[PDB]
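Okay, here we've got a single chain as structure tokens, the form deposited in one PDB entry, with questions on binding and movement later.
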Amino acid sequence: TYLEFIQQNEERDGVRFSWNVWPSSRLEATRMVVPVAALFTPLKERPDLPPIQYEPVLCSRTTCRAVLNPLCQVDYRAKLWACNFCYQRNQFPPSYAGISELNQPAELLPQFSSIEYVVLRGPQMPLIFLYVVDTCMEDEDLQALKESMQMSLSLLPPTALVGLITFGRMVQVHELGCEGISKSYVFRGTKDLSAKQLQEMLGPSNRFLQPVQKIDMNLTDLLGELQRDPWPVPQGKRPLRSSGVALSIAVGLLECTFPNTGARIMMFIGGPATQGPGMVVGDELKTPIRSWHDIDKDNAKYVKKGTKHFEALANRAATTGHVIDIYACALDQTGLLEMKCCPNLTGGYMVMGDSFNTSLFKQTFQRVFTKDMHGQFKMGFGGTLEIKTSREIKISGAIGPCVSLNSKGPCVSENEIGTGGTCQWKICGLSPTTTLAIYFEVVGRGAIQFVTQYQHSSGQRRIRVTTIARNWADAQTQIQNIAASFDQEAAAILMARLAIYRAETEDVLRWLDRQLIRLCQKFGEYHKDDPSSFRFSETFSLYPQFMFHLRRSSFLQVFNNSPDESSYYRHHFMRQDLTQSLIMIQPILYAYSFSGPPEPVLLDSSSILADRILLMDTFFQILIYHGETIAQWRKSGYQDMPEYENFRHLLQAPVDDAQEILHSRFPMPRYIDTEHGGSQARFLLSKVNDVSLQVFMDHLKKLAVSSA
């Protein structure tokens, strides 16, 4: 069954294709409404995975060089294997001279289609964490940030290198380990510096990046008594905050000291950049920070030049191999829109909150440093993703956290999509949850090989190889065989990433609408000019509902959100796997009442029963709504009475069913406890319901049965 096929291939190969049967003819290949594409998670964790400590077998053809995989034809008599990509016959390495049929290399077993190698040859480089701390914030927010900083230091491996950069009006590069003097290098937060300049003006471990095993005592005292930016903030003006210059010096410090190795630049800001390059807003409170309304009317002259500065640093950091995080906690906006390129081009994190002094941020931040069962971080660095395809398959491009290495080859498609024109991408930061979207193009079985070389948090250099295969469409049942292999959940997300990518680099909904109608006209059953006759198979019937919620989501309709909230939402959507992405587009709704156990219901205002308790899961918030009669017998203070204990099982069932995933999701969702009449029930009413799904479906069927 083709649903078991989808789940078993995502669990083993970390891959979700929009189509699992591919077109064998050029006409159907170009008449492909939804592109042949895959949601690929390079480092998806596995329950029974054994590290393979040997160099990967490589096809002995200079152009091919594909990794030995369970799709190759082997001859255990002649010690010979035939490559499945170019058919070049290869002598087995001397290390495989004794391999047998009863005992085969693990790389040839179908259960190890996804396999990881450990390449131990060169001396391992330690991890690097550079804290870039903003001091323009109230002491409550500063001390709380300091507290959660010293907590992250306590989790770092002793061999890890740490640096500290504090900034406000000026920026300070601290040289830790100094005795009796505690010295730092002060720079003007109004002039941008190149990496060569910073190297000259400053003079394995540095004076600024030292092993936490030998300077954590000196750091915990500096961090402990770090104080607010000393410069006075006049009445009616913002603090002078040089966030753009502070970043370029954090980037430049690592560029001239530890290039081409793993390192995280962690910038903690409590407001927008109001000075120097990267400026987001002027320093007068009377003129507000730019909104989407201001962006449309060109009443925001800082966002264009401010963006160019940060995407310059982003491409500098991605070329050097470093990752950039942004932890923004402020009551007002902070400039994520202009700075989003730094954690987006790299694999960096983006965390947003109202204050560092909240349980929301402090727990979100310690989730960055969660360890596995070996006590090692769940982060990887310096990833190089090279994709090899069969002679038919060409790569259009990748959507997600990556940067093109611009390596040309025969598998590079001329029709570029997103980060294209290459078969290799650099992902400076990735976790077991990082998900790319690769888009393919067809110009028996077709094979694709994903090779991800990265630096593990332990210092080992590893190579994860994933070789997949999908059947070519047999031409006597071409459209029928392909239609049954449709993955409507994957296609909707893969099409969503296309829409978001065009919107964030600009009408988008017109393209989204026409592709939905074309998909209805090709794979739907109907008689012409009778909308009542349109029906979708079990393979497609959920796709229109997904598009209905996508074209109304905050990812595409950005007004009613601040420009930083739209960047934040899109940031996390371009990295998540299928499960969490569907939750983002279409929230999940569970019901709680006396009449039955909890159960999922539909996202419609016919489910907001007064008699029930709802559990809504948007990826970004977990809400528990209390109906009319529900809020009434709760306001009555009747849970405390002992003869209604079934009472207590109802009001705390969603609270208990919230905590278990309120701790697994990396960006800890906001928690809500609202009822009817409360001002926080708006989030439920807006996600619930052109007009509505009923009206949307009628218009879709009216247009799907008329002219194509």
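Quick note: we count residues from 1 along the sequence shown, nothing fancier. Rigid core here is just the name for the largest C-alpha set that superposes within 1.5 Å across the two forms.
Although not depicted, the form deposited in another entry is the subject of the following passage.
Once the core is superposed between this form and the one not shown, every option in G353, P598, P211, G409 stays below 2 Å in C-alpha shift except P598.
The Cα position of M641 differs by 2 Å or more between this form and the one not shown after fitting on the rigid core. Comparing the forms between this form and the one not shown on their rigid core, the Cα displacement of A475 reaches 2 Å or more. Taking the rigid core as fixed, one finds a CA shift for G177 of 2 Å or more between this form and the one not shown. In comparison with the shown form, the Cα-Cα distance of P597 and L542 decreases by at least 3 angstroms in that other deposited form.
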